[PDB]
Number of protein chains: 2
Amino acid sequence: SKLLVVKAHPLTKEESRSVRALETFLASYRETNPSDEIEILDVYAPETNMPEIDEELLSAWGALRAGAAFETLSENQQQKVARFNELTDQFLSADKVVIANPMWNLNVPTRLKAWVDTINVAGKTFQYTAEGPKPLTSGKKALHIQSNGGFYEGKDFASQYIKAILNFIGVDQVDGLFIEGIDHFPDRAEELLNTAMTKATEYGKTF
Amino acid sequence: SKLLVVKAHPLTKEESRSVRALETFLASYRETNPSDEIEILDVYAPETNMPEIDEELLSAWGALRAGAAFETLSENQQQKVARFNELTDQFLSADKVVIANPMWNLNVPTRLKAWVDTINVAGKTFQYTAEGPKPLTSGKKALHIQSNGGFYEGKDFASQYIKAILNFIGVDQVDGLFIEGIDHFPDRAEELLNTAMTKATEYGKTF
Ligand SMILES: Cc1cc2nc3c(=O)[nH]c(=O)nc-3n(C[C@H](O)[C@H](O)[C@H](O)COP(=O)(O)O)c2cc1C
Ligand SMILES: Cc1cc2nc3c(=O)[nH]c(=O)nc-3n(C[C@H](O)[C@H](O)[C@H](O)COP(=O)(O)O)c2cc1C
């Protein structure tokens, strides 16, 4: 019932194949699951106030490990700490997650790594046990929508990373939708885009 | 001759294992090579102003590709484009590169990814061809100094990624110094840090 949308592309559907496939997935998803809550997290939007692990955050977390009151932190630390935590709890609230990004230099875009930093939290999404770390979520589903220049066989670093992280925190069902290969064969744009658009709609009906 | 230092950690040597190893290495390197130019890029410092690939940047490149004059872009787009290029030229100008970062969630810090984005540039560090993409750089050397919570047999995503990018652009010599396992074995802190320190000084002497 709650679908979190992580939009990890700075542009809109008109400029982006990742975002276009996201939008056709979501139209199909909404029509198929009219009662589901759909929450959008646009990690590039200025309004989102995306936290970044930085000096103030690392030190806020030390200051709290030590035992300062959340009120001994600067206004700007308390804000970052609380914003970071909002993002973790948002993930925890979601039954399903859809992530949309382009492949940029064989890794996730910077703001997508920043979002991943919020979902890997000891005592929140995973825990330390005598047998090693163990997930703290179960029953979540994820869909990774990503556009690549070339054809990777789901074997690119970015999609493997997203899957490993999601698997670590207990998201065992990870689907992919990859819009690939148009940069290599621009003359197959209509055909590849059509294939991707129909796969997006179909995920809308089954995810 | 010219050593570029990429420090990708928000904290100082007093609070960071990878920064402490970096500083040991640098002290030993300057002693060994007093004539070499040592330029520091601290990706987290206030002064740095490193762009990330975002809407303003992408739309700037888009406008330039459409034939618009640099001077027609917004003042901040012009700043962003120029800074991004300055970063790429800095890498091209270095004979040797040392990168120092902690491992955060099996991957590099967000701003280190932002720095990799400035070094993997069609027409400056690699090129597309009929045979495949090919490097545009020759003769460089790299040292990757990274601290990890557990023991990765150089097999972690972050250091594999860093090695992948460097090799792709023509840097065939990529050395590693990994300060690992202290989070698992705090009682071994003294020994593990001393070992790392000796390797960092030895790299200063031989790199
Ligand atoms: C900064 C930059 C880096 C890129 N790096 C890669 C790369 O690692 N591998 C690849 O196959 N394509 C790469 N591409 C090409 C895009 O992945 C391809 O254009 C993609 O279809 C864009 O998705 P989008 O339309 O949602 O932006 C890169 C493109 C840009 C702008
Ligand atoms: C945000 C965060 C994420 C981390 N993620 C990992 C992880 O993916 N794997 C791991 O082994 N250690 C992880 N650690 C532990 C650090 O890699 C480890 O403490 C390392 O020695 C820190 O290096 P530094 O002293 O230079 O900061 C993480 C620590 C933090 C602060």
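We count ligands from 1, going down the list as the structure has it; atoms in each ligand are counted the same way. Naming convention: chains lettered A, B, ... in sequence-line order (proteins, then strands); numbering from 1 in each chain. The figures that follow rest on heavy atoms only: side chains count, while hydrogens, waters and symmetry mates do not.
B:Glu131 meets the side chain to side chain contact (heavy atoms under 4.5 Å, CB included) test with B:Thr129, B:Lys134; sequence neighbours excluded.
Using cut-offs of 30° and 60° for the angle between ring planes, the B:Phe185 and B:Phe151 rings count as tilted. Ring geometry for B:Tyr128 against B:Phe126 counts as perpendicular: the plane angle is over 60°, on a 0 to 90° scale with 30° as the lower cut.
Under the 4.0 Å criterion applied to side-chain N and carboxylate O atoms, B:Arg111 and B:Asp42 are not assigned as salt-bridge partners. A salt bridge links B:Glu191 with B:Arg188: the distance from a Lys NZ or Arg NE/NH1/NH2 to an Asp or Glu carboxylate oxygen falls below 4.0 Å.
Pocket lining of ligand 2, defined as residues with a non-hydrogen atom under 4.0 Å away: A:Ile53, B:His9, B:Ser16, B:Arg17, B:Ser18, B:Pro102, B:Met103, B:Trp104, B:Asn105, B:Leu106, B:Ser147, B:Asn148, B:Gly149, B:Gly150, B:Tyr152, B:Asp183.
In this structure, A:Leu177 and A:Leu143 approach most closely via the heavy-atom pair N-CD1, 4.0 Å.
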